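Peer 1: File name my_file_27.tsv; file contents TSV, N, CA and C atoms; full text below.
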chain	number	residue	atom	x	y	z
A	63	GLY	N	0.58	1.94	-13.56
A	63	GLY	CA	1.22	1.27	-14.73
A	63	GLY	C	2.64	0.71	-14.53
A	64	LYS	N	3.03	-0.28	-15.34
A	64	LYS	CA	4.28	-1.05	-15.13
A	64	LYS	C	5.67	-0.31	-14.92
A	65	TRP	N	5.84	0.82	-15.56
A	65	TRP	CA	7.11	1.52	-15.45
A	65	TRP	C	7.33	2.12	-14.03
A	66	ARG	N	6.34	2.88	-13.55
A	66	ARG	CA	6.32	3.35	-12.19
A	66	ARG	C	6.47	2.27	-11.13
A	67	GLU	N	5.94	1.12	-11.35
A	67	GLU	CA	5.86	0.15	-10.37
A	67	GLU	C	7.21	-0.48	-10.31
A	68	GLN	N	7.86	-0.65	-11.45
A	68	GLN	CA	9.23	-1.20	-11.49
A	68	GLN	C	10.25	-0.20	-10.92
A	69	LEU	N	10.09	1.08	-11.15
A	69	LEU	CA	10.98	2.06	-10.54
A	69	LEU	C	10.88	1.97	-9.00
A	70	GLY	N	9.63	2.11	-8.49
A	70	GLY	CA	9.33	2.04	-7.12
A	70	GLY	C	9.91	0.76	-6.62
A	71	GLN	N	10.05	-0.32	-7.38
A	71	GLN	CA	10.64	-1.49	-6.70
A	71	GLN	C	12.17	-1.34	-6.57
A	72	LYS	N	12.76	-0.68	-7.55
A	72	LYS	CA	14.15	-0.43	-7.50
A	72	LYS	C	14.42	0.52	-6.34
A	73	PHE	N	13.55	1.48	-6.07
A	73	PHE	CA	13.79	2.38	-4.93
A	73	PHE	C	13.74	1.69	-3.58
A	74	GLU	N	12.78	0.85	-3.40
A	74	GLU	CA	12.72	0.05	-2.24
A	74	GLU	C	13.93	-0.81	-2.09
A	75	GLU	N	14.48	-1.38	-3.15
A	75	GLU	CA	15.66	-2.19	-3.01
A	75	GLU	C	16.98	-1.41	-2.65
A	76	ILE	N	17.19	-0.25	-3.32
A	76	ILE	CA	18.24	0.70	-2.97
A	76	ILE	C	18.18	1.08	-1.46
A	77	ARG	N	16.95	1.35	-1.01
A	77	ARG	CA	16.80	1.83	0.39
A	77	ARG	C	17.13	0.68	1.26
A	78	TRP	N	16.59	-0.48	0.93
A	78	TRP	CA	16.92	-1.64	1.72
A	78	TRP	C	18.44	-1.92	1.74
A	79	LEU	N	19.16	-1.94	0.61
A	79	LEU	CA	20.61	-2.11	0.74
A	79	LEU	C	21.29	-1.02	1.55
A	80	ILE	N	20.82	0.23	1.46
A	80	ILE	CA	21.39	1.17	2.31
A	80	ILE	C	21.14	0.95	3.77
A	81	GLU	N	19.95	0.52	4.16
A	81	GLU	CA	19.72	0.25	5.59
A	81	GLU	C	20.62	-0.90	6.15
A	82	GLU	N	20.89	-1.92	5.34
A	82	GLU	CA	21.63	-2.99	5.73
A	82	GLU	C	23.11	-2.58	5.92
A	83	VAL	N	23.66	-1.87	4.97
A	83	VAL	CA	24.99	-1.46	5.31
A	83	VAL	C	24.87	-0.53	6.55
A	84	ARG	N	23.89	0.36	6.77
A	84	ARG	CA	23.94	1.23	7.98
A	84	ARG	C	23.82	0.36	9.28
A	85	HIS	N	23.15	-0.78	9.16
A	85	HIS	CA	22.85	-1.57	10.28
A	85	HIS	C	24.09	-2.27	10.75
A	86	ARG	N	24.97	-2.59	9.86
A	86	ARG	CA	26.24	-3.16	10.27
A	86	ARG	C	27.18	-2.14	10.85
A	87	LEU	N	26.87	-0.87	10.92
A	87	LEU	CA	27.86	0.01	11.47
A	87	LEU	C	27.52	0.34	12.90
A	88	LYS	N	28.53	0.75	13.67
A	88	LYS	CA	28.30	1.17	15.05
A	88	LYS	C	28.97	2.48	15.02
A	89	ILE	N	28.12	3.52	15.00
A	89	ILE	CA	28.54	4.92	14.81
A	89	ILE	C	27.66	5.82	15.70
A	90	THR	N	28.09	7.03	15.97
A	90	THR	CA	27.41	7.89	16.91
A	90	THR	C	26.43	8.78	16.21
A	91	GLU	N	25.52	9.31	17.00
A	91	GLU	CA	24.36	9.98	16.50
A	91	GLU	C	24.68	11.30	15.96
A	92	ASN	N	25.83	11.86	16.28
A	92	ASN	CA	26.15	13.06	15.56
A	92	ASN	C	27.40	12.96	14.68
A	93	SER	N	27.85	11.72	14.38
A	93	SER	CA	28.87	11.50	13.37
A	93	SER	C	28.52	12.10	12.03
A	94	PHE	N	29.50	12.61	11.32
A	94	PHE	CA	29.18	12.93	9.98
A	94	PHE	C	28.57	11.64	9.24
A	95	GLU	N	29.05	10.51	9.63
A	95	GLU	CA	28.50	9.42	8.96
A	95	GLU	C	26.94	9.05	9.09
A	96	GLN	N	26.48	9.00	10.35
A	96	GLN	CA	25.12	9.00	10.69
A	96	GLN	C	24.34	10.13	10.02
A	97	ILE	N	24.79	11.38	10.13
A	97	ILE	CA	24.06	12.46	9.51
A	97	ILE	C	23.92	12.22	7.99
A	98	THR	N	24.98	11.71	7.32
A	98	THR	CA	25.00	11.46	5.89
A	98	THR	C	24.04	10.32	5.53
A	99	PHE	N	23.97	9.22	6.27
A	99	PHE	CA	23.01	8.16	6.04
A	99	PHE	C	21.58	8.63	6.18
A	100	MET	N	21.26	9.39	7.22
A	100	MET	CA	19.91	9.94	7.38
A	100	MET	C	19.52	10.82	6.23
A	101	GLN	N	20.48	11.57	5.75
A	101	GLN	CA	20.13	12.50	4.74
A	101	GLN	C	19.87	11.73	3.42
A	102	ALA	N	20.56	10.59	3.19
A	102	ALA	CA	20.40	9.85	2.00
A	102	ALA	C	19.08	9.14	2.08
A	103	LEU	N	18.74	8.54	3.23
A	103	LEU	CA	17.51	7.82	3.40
A	103	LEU	C	16.35	8.78	3.18
A	104	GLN	N	16.44	9.96	3.74
A	104	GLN	CA	15.37	10.91	3.52
A	104	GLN	C	15.20	11.29	2.10
A	105	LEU	N	16.32	11.43	1.37
A	105	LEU	CA	16.24	11.95	0.02
A	105	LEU	C	15.64	10.88	-0.89
A	106	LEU	N	15.98	9.66	-0.60
A	106	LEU	CA	15.51	8.49	-1.21
A	106	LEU	C	14.02	8.27	-0.98
A	107	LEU	N	13.46	8.40	0.26
A	107	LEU	CA	12.00	8.39	0.52
A	107	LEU	C	11.27	9.47	-0.24
A	108	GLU	N	11.89	10.62	-0.33
A	108	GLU	CA	11.26	11.75	-0.95
A	108	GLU	C	11.19	11.49	-2.46
A	109	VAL	N	12.25	10.95	-3.02
A	109	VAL	CA	12.22	10.69	-4.42
A	109	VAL	C	11.19	9.58	-4.79
A	110	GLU	N	11.12	8.49	-4.06
A	110	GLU	CA	10.12	7.49	-4.18
A	110	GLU	C	8.72	8.13	-3.95
A	111	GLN	N	8.51	9.06	-3.04
A	111	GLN	CA	7.17	9.68	-3.07
A	111	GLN	C	6.86	10.43	-4.36
A	112	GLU	N	7.86	11.05	-4.95
A	112	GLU	CA	7.67	11.87	-6.08
A	112	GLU	C	7.33	11.01	-7.32
A	113	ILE	N	8.00	9.87	-7.48
A	113	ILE	CA	7.62	8.98	-8.50
A	113	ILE	C	6.19	8.45	-8.33
A	114	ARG	N	5.70	8.37	-7.10
A	114	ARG	CA	4.41	7.81	-6.86
A	114	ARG	C	3.41	8.86	-7.29
A	115	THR	N	3.82	10.11	-7.30
A	115	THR	CA	2.85	11.21	-7.30
A	115	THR	C	2.79	11.93	-8.60
A	116	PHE	N	3.79	11.69	-9.46
A	116	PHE	CA	3.85	12.08	-10.86
A	116	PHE	C	2.45	11.85	-11.56
Rewrite the structure from the file as structure tokens, please.
Peer 2:
Amino acid sequence: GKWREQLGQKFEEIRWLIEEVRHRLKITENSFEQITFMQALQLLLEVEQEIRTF
């Protein structure tokens, strides 16, 4: 139904803007910064799965 589908589109767009700002950075694999981006991306995928599964 329409509400879920519109949320899921907003989640995809949030994730996409986050990937783009991460893509412009040149940072190391154990930077607090890298660790923080991974953790946000993961939390964001998990939340989008949960909306799908409600």
Peer 1: Quick one: residues within 12 Å of (4.9, 5.6, -3.2) (file frame), counting only C-alpha atoms, please, as a PyMOL selection string.
Peer 2: chain A and resi 66-74+106-116
Peer 1: Export, as a compact mmCIF listing (two decimals), keeping the file's coordinate frame, the selected residues with N, CA and C atoms.
Peer 2:
# COMPACT_ATOMS: atom_id res chain seq x y z
N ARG A 66 6.34 2.88 -13.55
CA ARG A 66 6.32 3.35 -12.19
C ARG A 66 6.47 2.27 -11.13
N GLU A 67 5.94 1.12 -11.35
CA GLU A 67 5.86 0.15 -10.37
C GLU A 67 7.21 -0.48 -10.31
N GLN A 68 7.86 -0.65 -11.45
CA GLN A 68 9.23 -1.20 -11.49
C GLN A 68 10.25 -0.20 -10.92
N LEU A 69 10.09 1.08 -11.15
CA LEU A 69 10.98 2.06 -10.54
C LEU A 69 10.88 1.97 -9.00
N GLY A 70 9.63 2.11 -8.49
CA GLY A 70 9.33 2.04 -7.12
C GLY A 70 9.91 0.76 -6.62
N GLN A 71 10.05 -0.32 -7.38
CA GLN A 71 10.64 -1.49 -6.70
C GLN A 71 12.17 -1.34 -6.57
N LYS A 72 12.76 -0.68 -7.55
CA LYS A 72 14.15 -0.43 -7.50
C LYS A 72 14.42 0.52 -6.34
N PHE A 73 13.55 1.48 -6.07
CA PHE A 73 13.79 2.38 -4.93
C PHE A 73 13.74 1.69 -3.58
N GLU A 74 12.78 0.85 -3.40
CA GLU A 74 12.72 0.05 -2.24
C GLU A 74 13.93 -0.81 -2.09
N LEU A 106 15.98 9.66 -0.60
CA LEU A 106 15.51 8.49 -1.21
C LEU A 106 14.02 8.27 -0.98
N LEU A 107 13.46 8.40 0.26
CA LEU A 107 12.00 8.39 0.52
C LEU A 107 11.27 9.47 -0.24
N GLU A 108 11.89 10.62 -0.33
CA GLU A 108 11.26 11.75 -0.95
C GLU A 108 11.19 11.49 -2.46
N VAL A 109 12.25 10.95 -3.02
CA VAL A 109 12.22 10.69 -4.42
C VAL A 109 11.19 9.58 -4.79
N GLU A 110 11.12 8.49 -4.06
CA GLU A 110 10.12 7.49 -4.18
C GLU A 110 8.72 8.13 -3.95
N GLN A 111 8.51 9.06 -3.04
CA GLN A 111 7.17 9.68 -3.07
C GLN A 111 6.86 10.43 -4.36
N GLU A 112 7.86 11.05 -4.95
CA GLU A 112 7.67 11.87 -6.08
C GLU A 112 7.33 11.01 -7.32
N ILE A 113 8.00 9.87 -7.48
CA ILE A 113 7.62 8.98 -8.50
C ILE A 113 6.19 8.45 -8.33
N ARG A 114 5.70 8.37 -7.10
CA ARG A 114 4.41 7.81 -6.86
C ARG A 114 3.41 8.86 -7.29
N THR A 115 3.82 10.11 -7.30
CA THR A 115 2.85 11.21 -7.30
C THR A 115 2.79 11.93 -8.60
N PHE A 116 3.79 11.69 -9.46
CA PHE A 116 3.85 12.08 -10.86
C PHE A 116 2.45 11.85 -11.56
Peer 1: Which residue out of A:65, A:83, A:77, A:88 has the minimum interatomic distance to residue 102 in chain A when all atoms listed in the file are used?
Peer 2: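 Closest to residue 102 in chain A, using all atoms listed in the file: A:77.
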Peer 1: Please, which residues of chain A, numbered as in this document, come out helix (DSSP H, G or I) from DSSP, as a PDB file with N, CA and C atoms, in the coordinates of the input?
Peer 2:
ATOM      1  N   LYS A  64       3.030  -0.280 -15.340  1.00  0.00           N
ATOM      2  CA  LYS A  64       4.280  -1.050 -15.130  1.00  0.00           C
ATOM      3  C   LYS A  64       5.670  -0.310 -14.920  1.00  0.00           C
ATOM      4  N   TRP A  65       5.840   0.820 -15.560  1.00  0.00           N
ATOM      5  CA  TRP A  65       7.110   1.520 -15.450  1.00  0.00           C
ATOM      6  C   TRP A  65       7.330   2.120 -14.030  1.00  0.00           C
ATOM      7  N   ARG A  66       6.340   2.880 -13.550  1.00  0.00           N
ATOM      8  CA  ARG A  66       6.320   3.350 -12.190  1.00  0.00           C
ATOM      9  C   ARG A  66       6.470   2.270 -11.130  1.00  0.00           C
ATOM     10  N   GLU A  67       5.940   1.120 -11.350  1.00  0.00           N
ATOM     11  CA  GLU A  67       5.860   0.150 -10.370  1.00  0.00           C
ATOM     12  C   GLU A  67       7.210  -0.480 -10.310  1.00  0.00           C
ATOM     13  N   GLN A  68       7.860  -0.650 -11.450  1.00  0.00           N
ATOM     14  CA  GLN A  68       9.230  -1.200 -11.490  1.00  0.00           C
ATOM     15  C   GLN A  68      10.250  -0.200 -10.920  1.00  0.00           C
ATOM     16  N   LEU A  69      10.090   1.080 -11.150  1.00  0.00           N
ATOM     17  CA  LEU A  69      10.980   2.060 -10.540  1.00  0.00           C
ATOM     18  C   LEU A  69      10.880   1.970  -9.000  1.00  0.00           C
ATOM     19  N   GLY A  70       9.630   2.110  -8.490  1.00  0.00           N
ATOM     20  CA  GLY A  70       9.330   2.040  -7.120  1.00  0.00           C
ATOM     21  C   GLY A  70       9.910   0.760  -6.620  1.00  0.00           C
ATOM     22  N   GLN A  71      10.050  -0.320  -7.380  1.00  0.00           N
ATOM     23  CA  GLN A  71      10.640  -1.490  -6.700  1.00  0.00           C
ATOM     24  C   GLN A  71      12.170  -1.340  -6.570  1.00  0.00           C
ATOM     25  N   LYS A  72      12.760  -0.680  -7.550  1.00  0.00           N
ATOM     26  CA  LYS A  72      14.150  -0.430  -7.500  1.00  0.00           C
ATOM     27  C   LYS A  72      14.420   0.520  -6.340  1.00  0.00           C
ATOM     28  N   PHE A  73      13.550   1.480  -6.070  1.00  0.00           N
ATOM     29  CA  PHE A  73      13.790   2.380  -4.930  1.00  0.00           C
ATOM     30  C   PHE A  73      13.740   1.690  -3.580  1.00  0.00           C
ATOM     31  N   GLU A  74      12.780   0.850  -3.400  1.00  0.00           N
ATOM     32  CA  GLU A  74      12.720   0.050  -2.240  1.00  0.00           C
ATOM     33  C   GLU A  74      13.930  -0.810  -2.090  1.00  0.00           C
ATOM     34  N   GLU A  75      14.480  -1.380  -3.150  1.00  0.00           N
ATOM     35  CA  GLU A  75      15.660  -2.190  -3.010  1.00  0.00           C
ATOM     36  C   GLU A  75      16.980  -1.410  -2.650  1.00  0.00           C
ATOM     37  N   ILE A  76      17.190  -0.250  -3.320  1.00  0.00           N
ATOM     38  CA  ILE A  76      18.240   0.700  -2.970  1.00  0.00           C
ATOM     39  C   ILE A  76      18.180   1.080  -1.460  1.00  0.00           C
ATOM     40  N   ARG A  77      16.950   1.350  -1.010  1.00  0.00           N
ATOM     41  CA  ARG A  77      16.800   1.830   0.390  1.00  0.00           C
ATOM     42  C   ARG A  77      17.130   0.680   1.260  1.00  0.00           C
ATOM     43  N   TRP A  78      16.590  -0.480   0.930  1.00  0.00           N
ATOM     44  CA  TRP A  78      16.920  -1.640   1.720  1.00  0.00           C
ATOM     45  C   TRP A  78      18.440  -1.920   1.740  1.00  0.00           C
ATOM     46  N   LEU A  79      19.160  -1.940   0.610  1.00  0.00           N
ATOM     47  CA  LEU A  79      20.610  -2.110   0.740  1.00  0.00           C
ATOM     48  C   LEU A  79      21.290  -1.020   1.550  1.00  0.00           C
ATOM     49  N   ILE A  80      20.820   0.230   1.460  1.00  0.00           N
ATOM     50  CA  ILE A  80      21.390   1.170   2.310  1.00  0.00           C
ATOM     51  C   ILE A  80      21.140   0.950   3.770  1.00  0.00           C
ATOM     52  N   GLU A  81      19.950   0.520   4.160  1.00  0.00           N
ATOM     53  CA  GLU A  81      19.720   0.250   5.590  1.00  0.00           C
ATOM     54  C   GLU A  81      20.620  -0.900   6.150  1.00  0.00           C
ATOM     55  N   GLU A  82      20.890  -1.920   5.340  1.00  0.00           N
ATOM     56  CA  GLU A  82      21.630  -2.990   5.730  1.00  0.00           C
ATOM     57  C   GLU A  82      23.110  -2.580   5.920  1.00  0.00           C
ATOM     58  N   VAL A  83      23.660  -1.870   4.970  1.00  0.00           N
ATOM     59  CA  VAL A  83      24.990  -1.460   5.310  1.00  0.00           C
ATOM     60  C   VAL A  83      24.870  -0.530   6.550  1.00  0.00           C
ATOM     61  N   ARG A  84      23.890   0.360   6.770  1.00  0.00           N
ATOM     62  CA  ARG A  84      23.940   1.230   7.980  1.00  0.00           C
ATOM     63  C   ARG A  84      23.820   0.360   9.280  1.00  0.00           C
ATOM     64  N   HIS A  85      23.150  -0.780   9.160  1.00  0.00           N
ATOM     65  CA  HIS A  85      22.850  -1.570  10.280  1.00  0.00           C
ATOM     66  C   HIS A  85      24.090  -2.270  10.750  1.00  0.00           C
ATOM     67  N   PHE A  94      29.500  12.610  11.320  1.00  0.00           N
ATOM     68  CA  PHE A  94      29.180  12.930   9.980  1.00  0.00           C
ATOM     69  C   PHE A  94      28.570  11.640   9.240  1.00  0.00           C
ATOM     70  N   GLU A  95      29.050  10.510   9.630  1.00  0.00           N
ATOM     71  CA  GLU A  95      28.500   9.420   8.960  1.00  0.00           C
ATOM     72  C   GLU A  95      26.940   9.050   9.090  1.00  0.00           C
ATOM     73  N   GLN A  96      26.480   9.000  10.350  1.00  0.00           N
ATOM     74  CA  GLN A  96      25.120   9.000  10.690  1.00  0.00           C
ATOM     75  C   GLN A  96      24.340  10.130  10.020  1.00  0.00           C
ATOM     76  N   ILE A  97      24.790  11.380  10.130  1.00  0.00           N
ATOM     77  CA  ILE A  97      24.060  12.460   9.510  1.00  0.00           C
ATOM     78  C   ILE A  97      23.920  12.220   7.990  1.00  0.00           C
ATOM     79  N   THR A  98      24.980  11.710   7.320  1.00  0.00           N
ATOM     80  CA  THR A  98      25.000  11.460   5.890  1.00  0.00           C
ATOM     81  C   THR A  98      24.040  10.320   5.530  1.00  0.00           C
ATOM     82  N   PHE A  99      23.970   9.220   6.270  1.00  0.00           N
ATOM     83  CA  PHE A  99      23.010   8.160   6.040  1.00  0.00           C
ATOM     84  C   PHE A  99      21.580   8.630   6.180  1.00  0.00           C
ATOM     85  N   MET A 100      21.260   9.390   7.220  1.00  0.00           N
ATOM     86  CA  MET A 100      19.910   9.940   7.380  1.00  0.00           C
ATOM     87  C   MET A 100      19.520  10.820   6.230  1.00  0.00           C
ATOM     88  N   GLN A 101      20.480  11.570   5.750  1.00  0.00           N
ATOM     89  CA  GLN A 101      20.130  12.500   4.740  1.00  0.00           C
ATOM     90  C   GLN A 101      19.870  11.730   3.420  1.00  0.00           C
ATOM     91  N   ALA A 102      20.560  10.590   3.190  1.00  0.00           N
ATOM     92  CA  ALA A 102      20.400   9.850   2.000  1.00  0.00           C
ATOM     93  C   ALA A 102      19.080   9.140   2.080  1.00  0.00           C
ATOM     94  N   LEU A 103      18.740   8.540   3.230  1.00  0.00           N
ATOM     95  CA  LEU A 103      17.510   7.820   3.400  1.00  0.00           C
ATOM     96  C   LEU A 103      16.350   8.780   3.180  1.00  0.00           C
ATOM     97  N   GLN A 104      16.440   9.960   3.740  1.00  0.00           N
ATOM     98  CA  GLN A 104      15.370  10.910   3.520  1.00  0.00           C
ATOM     99  C   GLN A 104      15.200  11.290   2.100  1.00  0.00           C
ATOM    100  N   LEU A 105      16.320  11.430   1.370  1.00  0.00           N
ATOM    101  CA  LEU A 105      16.240  11.950   0.020  1.00  0.00           C
ATOM    102  C   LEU A 105      15.640  10.880  -0.890  1.00  0.00           C
ATOM    103  N   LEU A 106      15.980   9.660  -0.600  1.00  0.00           N
ATOM    104  CA  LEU A 106      15.510   8.490  -1.210  1.00  0.00           C
ATOM    105  C   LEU A 106      14.020   8.270  -0.980  1.00  0.00           C
ATOM    106  N   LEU A 107      13.460   8.400   0.260  1.00  0.00           N
ATOM    107  CA  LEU A 107      12.000   8.390   0.520  1.00  0.00           C
ATOM    108  C   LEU A 107      11.270   9.470  -0.240  1.00  0.00           C
ATOM    109  N   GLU A 108      11.890  10.620  -0.330  1.00  0.00           N
ATOM    110  CA  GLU A 108      11.260  11.750  -0.950  1.00  0.00           C
ATOM    111  C   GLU A 108      11.190  11.490  -2.460  1.00  0.00           C
ATOM    112  N   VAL A 109      12.250  10.950  -3.020  1.00  0.00           N
ATOM    113  CA  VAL A 109      12.220  10.690  -4.420  1.00  0.00           C
ATOM    114  C   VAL A 109      11.190   9.580  -4.790  1.00  0.00           C
ATOM    115  N   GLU A 110      11.120   8.490  -4.060  1.00  0.00           N
ATOM    116  CA  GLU A 110      10.120   7.490  -4.180  1.00  0.00           C
ATOM    117  C   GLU A 110       8.720   8.130  -3.950  1.00  0.00           C
ATOM    118  N   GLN A 111       8.510   9.060  -3.040  1.00  0.00           N
ATOM    119  CA  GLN A 111       7.170   9.680  -3.070  1.00  0.00           C
ATOM    120  C   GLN A 111       6.860  10.430  -4.360  1.00  0.00           C
ATOM    121  N   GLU A 112       7.860  11.050  -4.950  1.00  0.00           N
ATOM    122  CA  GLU A 112       7.670  11.870  -6.080  1.00  0.00           C
ATOM    123  C   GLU A 112       7.330  11.010  -7.320  1.00  0.00           C
ATOM    124  N   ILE A 113       8.000   9.870  -7.480  1.00  0.00           N
ATOM    125  CA  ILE A 113       7.620   8.980  -8.500  1.00  0.00           C
ATOM    126  C   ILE A 113       6.190   8.450  -8.330  1.00  0.00           C
ATOM    127  N   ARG A 114       5.700   8.370  -7.100  1.00  0.00           N
ATOM    128  CA  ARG A 114       4.410   7.810  -6.860  1.00  0.00           C
ATOM    129  C   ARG A 114       3.410   8.860  -7.290  1.00  0.00           C
ATOM    130  N   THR A 115       3.820  10.110  -7.300  1.00  0.00           N
ATOM    131  CA  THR A 115       2.850  11.210  -7.300  1.00  0.00           C
ATOM    132  C   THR A 115       2.790  11.930  -8.600  1.00  0.00           C
TER     133      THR A 115
END
Peer 1: Could you state the separation of atom N of residue 105 in chain A and CA of residue 84 in chain A in Å, given to one decimal place?
Peer 2: 14.3 Å
Peer 1: Kindly give the distance, in Å, that separates atom N of residue 86 in chain A and CA of residue 104 in chain A, rounded to a single decimal.
Peer 2: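 Atom-to-atom, atom N of residue 86 in chain A to CA of residue 104 in chain A, that is 17.7 Å.
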